[PDB]
Amino acid sequence: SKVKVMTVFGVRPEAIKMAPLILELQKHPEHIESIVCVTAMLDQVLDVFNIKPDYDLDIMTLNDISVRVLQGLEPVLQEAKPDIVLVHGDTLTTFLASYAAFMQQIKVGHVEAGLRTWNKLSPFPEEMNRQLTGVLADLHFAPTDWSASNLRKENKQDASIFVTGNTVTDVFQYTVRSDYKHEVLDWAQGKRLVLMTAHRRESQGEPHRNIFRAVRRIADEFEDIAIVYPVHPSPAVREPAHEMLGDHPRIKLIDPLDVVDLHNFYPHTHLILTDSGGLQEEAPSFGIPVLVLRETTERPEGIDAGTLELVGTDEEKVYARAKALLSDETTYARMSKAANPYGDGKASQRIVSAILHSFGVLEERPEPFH
Amino acid sequence: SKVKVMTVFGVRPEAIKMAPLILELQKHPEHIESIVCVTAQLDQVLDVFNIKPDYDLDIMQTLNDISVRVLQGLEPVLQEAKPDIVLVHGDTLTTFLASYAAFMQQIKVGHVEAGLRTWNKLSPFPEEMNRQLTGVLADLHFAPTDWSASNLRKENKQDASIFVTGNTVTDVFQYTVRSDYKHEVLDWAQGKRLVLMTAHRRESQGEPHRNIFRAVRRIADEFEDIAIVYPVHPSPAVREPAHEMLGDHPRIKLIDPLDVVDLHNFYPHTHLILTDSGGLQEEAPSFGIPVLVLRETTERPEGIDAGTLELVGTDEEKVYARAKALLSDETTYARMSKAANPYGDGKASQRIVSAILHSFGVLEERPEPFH
């Protein structure tokens, strides 16, 4: 008999962040039996990573989902009798699965533990979901030292916290290929590829107008850049973007990129302007400095590490900081050299070691991630 | 148009501690509409206090079954009654579920008796995990004591959300104690210092009980002005060694366990207590009665910290010696009797209602905390 590890998730983002961990668990058949339970059509990502769910609950109101996840999971847990349920992040499923496991005295491991706004109403219900999971979790896999210190602020036992980095950083192995080809990359071939995204609804109109004027000026000023802008579908973005950026030789407006396309652009790209939490988390793995089109951010670790800079939404600031990053090779090499404080691409390895250690199979505590 | 407060309780003890708070809520009809929701897996308690449940889920059982049933039951009740705040008590599963049901409808949560911690999810199970889960859903924490509030601050709860109110257990004596009260055993004890002893914990049932019974016997032989009342655990593993070792002594009356209302009515007549009851330890010091605790430790420091309780263990000599001391020298009796019950002053319900009124902006000034 083995450590029976059941991973439970049920949305597209959760699936991608859990896939590399599941693949890591399957590398230890000596010590671990890897069970996968989906709550939920997440089989699209599961076909990429070639993950076969052993259970598929179907939950096609917050109270209704809660009841239905609890009902579905009870028989799954008393049949499989896992030693540890692993949940990810801050979905309703993360909390409900931890709670189903708590009610059968099954150990809980929380992947991406410790993220806090300390505001119940923002985000809702994710802040409450991650605080509830926080009280049910036996093992906290904190991506960062800031995450781990959130957990210490709540009086969690130090020995229960493992800073592992984020598994987001483990997916590039499965996703990035050399074979990879795109018309947009061919169009950008000889130039510094500048990747920009603005999907935040609250920046439509005046803020977008300001960003676009700064970007146009930058396109005009630099003859050795090619700006790729995967534009938000909304007419409230498409129109102003086409109107103000649509007929420039060094700006390609395109349809939003798939995750796999996005990951494959990263090796080719020089600078990012985004308001995406995802690009801010991933891009530094490839040396890409990120200028963040926001007044603030929820996560401090990127700022403090210098992988990201807040640049806001006003024209002068966006232009100036974009200019500075594209000429001043000192600031670029600085942001580019700083290592992704969000992970190594070895988080799944550390989480599996932490599970093995907690069950007495590994006598040594793995080295954290700093 | 008022602050609609729905109070939720599930078990006999939960109902008794919530009863005084409901009766206090009913005293503010200008500001508060009081609603009562029962979620039981009780009709005596609810009659003693004259409380009419407005709602009632007749719950049929794993923790998961209860969990699904309470959630299913409460969604209709909260959708209809549309309360502004849900009040929940202690560390029951139902307290958490009711808090969770409320959270999903963005309904405010008030937690009565918040902040009790062992920081061990395995003792008690599932109560420690239940009160931590409730702790993350509560908007208002009604901490019985400063120690309880300190636990909540250790968990990074915001200071303005914590109110130290005292415990509503000290609010129930007004409703249960009558001057008109009579009892055979009270008459038997008349003219004497009544020593009330209980021994309920299964952990001590054997040679610890024999050690205690021996100490009690030597105290019964020694003291002429003493009457020992022992409402014995009805289990033959206790009732037999008790009736064997103490049942002959004319200064000891072994009787059946007391109703809560009877126990409360003994308190004004009792000089001294020996117990392992967490209940007597919370209650008796409201009547200035010193308690010798028949345990090596207790979960809860506030009693020991105040001089209301002394840990005395189960070893014959120390039970004897500490019992003898409390019966012999005032100055020791006096230190313990005079110290204010750190668990409450009978006004907790009043402080909880003020906290609620203040949180809804009806009372502009933050009310003053218990001691």
Side-chain angles (χ1 to χ4, degrees), chain B residues 185-186 188-201 204-223 225-233 238 241-247 249-255 257-258 263 266-294 296-298 300-301 303-317 319-329 331-334 336 339 341:
Chain B
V185 176
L186 281 194
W188 172 85
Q190 188 268 168
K192 303 292 168 71
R193 295 182 310 154
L194 170 13
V195 177
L196 174 67
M197 55 175 296
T198 72
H200 85 85
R201 302 245 262 182
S204 297
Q205 120 185 144
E207 288 325 294
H209 280 166
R210 302 255 277 166
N211 288 225
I212 291 159
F213 294 174
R214 265 173 221 129
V216 168
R217 247 257 182 192
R218 285 160 56 186
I219 294 282
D221 290 352
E222 179 156 350
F223 286 90
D225 60 349
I226 238 79
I228 295 153
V229 186
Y230 182 7
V232 189
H233 202 243
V238 194
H243 267 261
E244 164 206 287
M245 285 182 77
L246 302 171
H249 204 290
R251 260 130 66 161
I252 311 183
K253 228 287 157 90
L254 311 179
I255 90 284
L258 292 160
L263 170 62
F266 271 56
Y267 283 145
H269 303 305
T270 115
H271 184 74
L272 182 64
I273 285 167
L274 325 183
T275 5
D276 52 12
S277 191
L280 303 211
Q281 295 170 67
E282 291 215 291
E283 286 174 359
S286 297
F287 298 87
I289 118 192
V291 179
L292 305 187
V293 179
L294 300 174
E296 296 291 326
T297 57
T298 211
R300 280 283 216 177
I304 294 155
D305 236 288
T308 61
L309 321 175
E310 193 192 313
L311 281 192
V312 129
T314 61
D315 296 338
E316 171 169 10
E317 270 324 293
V319 179
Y320 172 78
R322 295 283 77 215
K324 186 176 180 155
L326 262 296
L327 287 170
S328 289
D329 69 295
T331 83
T332 299
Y333 188 88
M336 293 188 72
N341 193 352

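We name chains A, B, ... by the order of the sequence lines, and we start the count at 1 in each one.
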Q: Would you please test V291(B) and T275(B) for side-chain contact (heavy atoms from CB on, under 4.5 Å) and show each step?
A: CA-CA 7 Å; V291(B) 179; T275(B) 5; 3.6 Å; yes
Q: Identify which one of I273(B), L196(B), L280(B), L194(B) satisfies the side-chain contact (heavy atoms from CB on, under 4.5 Å) criterion when paired with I289(B).
A: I273(B)
Q. Step by step, would you call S328(B) with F223(B) a side-chain contact (heavy atoms from CB on, under 4.5 Å)?
A. CA-CA 9 Å; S328(B) 289; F223(B) 286 90; 3.8 Å; yes
Q) Heavy atoms, side chains only, cut-off 4.5 Å: are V319(B) and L292(B) in contact? A) no
Q: Examine the side chains of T314(B) and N211(B) and answer whether a donor and an acceptor come within less than 3.5 Å of each other.
A: no
Q: Kindly determine whether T198(B) and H233(B) satisfy side-chain contact (heavy atoms from CB on, under 4.5 Å), including the steps that lead there.
A: CA-CA 8 Å; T198(B) 72; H233(B) 202 243; over 6 Å; no
Q: Determine yes or no for a side-chain-to-main-chain donor-acceptor pair under 3.5 angstrom, with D225(B) supplying the side chain and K192(B) the backbone.
A: no
Q) How far apart are the closest heavy atoms of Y230(B) and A242(B), and which atoms are they? A) CE2-CB, 4.0 Å
Q.
Suppose we screen for side chain to side chain donor-acceptor pair (under 3.5 Å). Which residues come up paired with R214(B), at least two apart in sequence or across chains?
A. none
Q: For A339(B) and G307(B), work out which heavy atoms get closest and say how close.
A: CB-N, 4.1 Å
(Q) Within the 4.5 Å heavy-atom criterion, are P241(B) and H209(B) side-chain neighbours or not? (A) no
Q: Using a 4.5 Å cut-off on heavy atoms from C-beta on, say whether the side chain of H243(B) contacts that of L254(B).
A: yes
(Q) Before we go on, tell me: are the rings of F266(B) and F287(B) under 6.0 Å apart, centre to centre? (A) no
Q | Smallest separation among heavy atoms of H271(B) and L327(B), with atom names | A | CD2-CD2, 3.9 Å
Q) Is any side-chain heavy atom of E244(B) closer than 4.5 Å to a side-chain heavy atom of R210(B)? A) yes
Q. Taking the side chain as C-beta and beyond, is there a heavy-atom pair between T270(B) and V195(B) under 4.5 Å?
A. no
Q: Show your working on salt bridge (charged side-chain N to carboxylate O under 4.0 Å, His left out) between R300(B) and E282(B) and close with a plain yes or no.
A: CA-CA 10 Å; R300(B) 280 283 216 177; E282(B) 291 215 291; 3.6 Å; yes
Q | Non-hydrogen atoms of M336(B) and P290(B) that approach each other most closely | A | CB-CB, 3.7 Å
Q | For the student: nearest non-hydrogen atoms of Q281(B) and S277(B), plus distance | A | NE2-O, 2.7 Å
Q | Residue of the set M197(B), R251(B), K253(B) for which side-chain contact (heavy atoms from CB on, under 4.5 Å) holds with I228(B) | A | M197(B)
(Q) Set out, in order, the CA-CA distance, both residues' side-chain angles and the distance that settles side-chain contact (heavy atoms from CB on, under 4.5 Å) for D276(B) and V293(B), then state yes or no. (A) CA-CA 5 Å; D276(B) 52 12; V293(B) 179; 5.6 Å; no
Q) Which distance, rounded to the nearest 0.5 Å, do you find between the OG1 of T308(B) and the CG of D305(B)? A) 9.5 Å
Q: Output yes when a side-chain donor or acceptor of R218(B) lies under 3.5 Å from a complementary backbone atom of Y320(B), and no otherwise.
A: no
Q | Residue of the set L294(B), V312(B), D315(B) for which side-chain contact (heavy atoms from CB on, under 4.5 Å) holds with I212(B) | A | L294(B)
Q.
When you compare the side chain of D221(B) with that of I219(B), does any pair of heavy atoms fall below 4.5 Å?
A. no
Q. Between NZ of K324(B) and CD of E317(B), what distance do you get to the nearest 0.5 Å?
A. 10.5 Å
Q) What heavy-atom pair brings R217(B) and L246(B) nearest, and what distance separates the two atoms? A) CG-CD2, 3.7 Å
